[PDB]
Amino acid sequence: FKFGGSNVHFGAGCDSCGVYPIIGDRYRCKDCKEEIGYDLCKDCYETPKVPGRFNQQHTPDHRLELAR
Amino acid sequence: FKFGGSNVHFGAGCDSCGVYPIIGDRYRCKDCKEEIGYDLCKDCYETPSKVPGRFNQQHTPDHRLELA
Ligand SMILES: [Mg+2]
Ligand SMILES: [Zn+2]
Ligand SMILES: [Zn+2]
Ligand SMILES: [Zn+2]
Ligand SMILES: [Zn+2]
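Protein sequences appear in the order of chains A and B.
Numbers 49 to 116, taken from the working numbering, label the letters of the first sequence in order.
Numbers 57 to 124, taken from the working numbering, label the letters of the second sequence in order.
This is how it looks when you write it as structure tokens:
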């Protein structure tokens, strides 16, 4: 069981705006390798391109997936 | 960014033992469409068991679980 479903992502924060936890849809990078990962809120996914809050090497060619 | 990576799953609990949050690997159901979802910890996963779920999940042995 997961409380909130995909409406809330505890422990996950947006690497552009810094909201924590991400409320609503979350877009996770799949090619960024750092274990901290790279995530975006739906607003920052829609209006795009920060390099990262924690030294993540996110490139414009990286692909993002919706995290259910 | 997500703290703890795949070593902790905040907001996610095991439907067999009830641990919350799930520490370690987590297995989520692809076919259970209840918003609460269906999840299991790794030891409970690898010891197969009847676990219909704790929140009215209609989880059948035919349902498939993916590592999250
Ligand atoms: Mg607890
Ligand atoms: Zn954002
Ligand atoms: Zn990336
Ligand atoms: Zn368990
Ligand atoms: Zn199921």
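All C-beta atoms, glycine included, are put in the ideal place defined by N, C-alpha and C.
message: Just to confirm my understanding: we take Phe-58 (chain A), look at its own chain, exclude 5 residues before and 5 after, and list those with CB closer than 6 Å. What are they?
response: As a first step, residue 58 (chain A) is located in the first sequence; it is residue number 10 there, counting from the start. Contacts found: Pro-69.
- request: State yes or no: is the C-beta of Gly-100 (chain A) within less than 9 Å of the C-beta of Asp-73 (chain A)?
  value: Here residue 100 (chain A) is taken as the residue at index 52 of the first sequence, counted from 1. Here residue 73 (chain A) is taken as the residue at index 25 of the first sequence, counted from 1. The Cβ atoms of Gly-100 (chain A) and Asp-73 (chain A) lie no closer than 9 Å to each other.
message: Whole angstroms are fine: how far does the CA of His-119 (chain B) sit from the CA of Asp-91 (chain A)?
response: Here residue 91 (chain A) is taken as the residue at index 43 of the first sequence, counted from 1. Here residue 119 (chain B) is taken as the residue at index 63 of the second sequence, counted from 1. Approximately 34 Å, taken between the alpha carbons.
task: With a threshold of 8 Å, establish whether the CB of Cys-77 (chain A) neighbours any heavy atom of ligand 3.
output: As a working mapping, residue 77 (chain A) is identified with position 29 in the first sequence. Yes.
task: Sort B:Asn-112, B:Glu-91, B:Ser-62 by Cα distance to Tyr-83 (chain B) and report the nearest one.
output: As a first step, residue 83 (chain B) is located in the second sequence; it is residue number 27 there, counting from the start. Among B:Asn-112, B:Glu-91, B:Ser-62, the Cα nearest to that of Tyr-83 (chain B) is on B:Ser-62.
Span separating the alpha-carbon of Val-67 (chain A) from that of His-115 (chain B): Residue 67 (chain A) sits at position 19 when you count from the first residue of the first sequence. Residue 115 (chain B) sits at position 59 when you count from the first residue of the second sequence. Between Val-67 (chain A) and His-115 (chain B), the alpha-carbon positions lie close to 34 Å from each other.
Range of the contiguous beta strand (DSSP E) that encloses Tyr-93 (chain A): As a first step, residue 93 (chain A) is located in the first sequence; it is residue number 45 there, counting from the start. Counting along the chain, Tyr-93 (chain A) falls outside any beta strand (DSSP E), though it belongs to the alpha helix (DSSP H) covering 90-94.
- prompt: Of all the CB atoms in chain A, is at least one closer than 9 Å to the CB of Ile-79 (chain B)?
  reply: On the second sequence, residue 79 (chain B) is found 23 positions in, with the first residue counted as 1. So, not an interface residue.
Selection of the region 95-123 of chain B by Cβ proximity to chain A, strictly under 9 Å: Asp-95, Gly-109, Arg-110, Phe-111, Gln-113
query: Once you ignore the five residues that flank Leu-88 (chain A) on each side, which residues in its own chain have a CB closer than 7 Å to its CB?
result: Working through the first sequence from its first residue, we reach residue 88 (chain A) at position 40. If we look at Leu-88 (chain A) and ignore the five residues flanking it on each side, its Cβ neighbours are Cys-62, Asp-63, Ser-64, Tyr-75, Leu-112.
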